[PDB]
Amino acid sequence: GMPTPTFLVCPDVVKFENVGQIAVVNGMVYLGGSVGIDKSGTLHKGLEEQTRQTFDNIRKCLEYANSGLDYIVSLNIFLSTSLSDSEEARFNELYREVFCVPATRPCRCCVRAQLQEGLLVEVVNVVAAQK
């Protein structure tokens, strides 16, 4: 028999009806899309606060799933098509505060897309190893 994937919900991170928050399979963790919404369901104001909240959500989910930010292998970034050059640059400044070791930064891509209402940034396809 083969092992089942397991689906988890970190109680300190917002959970969306249509979206698996965390999946674990064969020592690997996958996350559903993460956005700058706190546990109370409040979307934070501006690129910076949405970015900080997004990576806080990711950190909490990964640690809940026996992983962590330093175990992320790959992730994708969707920035809103509405963002200015300064907002995109600020995102990357904040990104480097989350992943502070240049040598071990995870695989990344980043493109502009039309996100759901109010969203300035979304981080998707987070793949991480378990501890």
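Residue numbers here begin at 1 and follow the sequence given.
Stretches compared: 49 to 57, 36 to 44. Higher mean C-alpha B-factor in the entry: 36 to 44. Checked against the record, the higher mean CA B factor of 78 to 86 and 91 to 99 lies with 78 to 86.
Note on the listed residues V13, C107, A23, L115: the highest Cα temperature factor in the record is that of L115.
Among the modelled residues of the chain, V124 sits in the lowest third by CA temperature factor in this PDB entry. Annotation for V19: C-alpha temperature factor in the lowest third relative to the rest of the modelled chain, per the entry.
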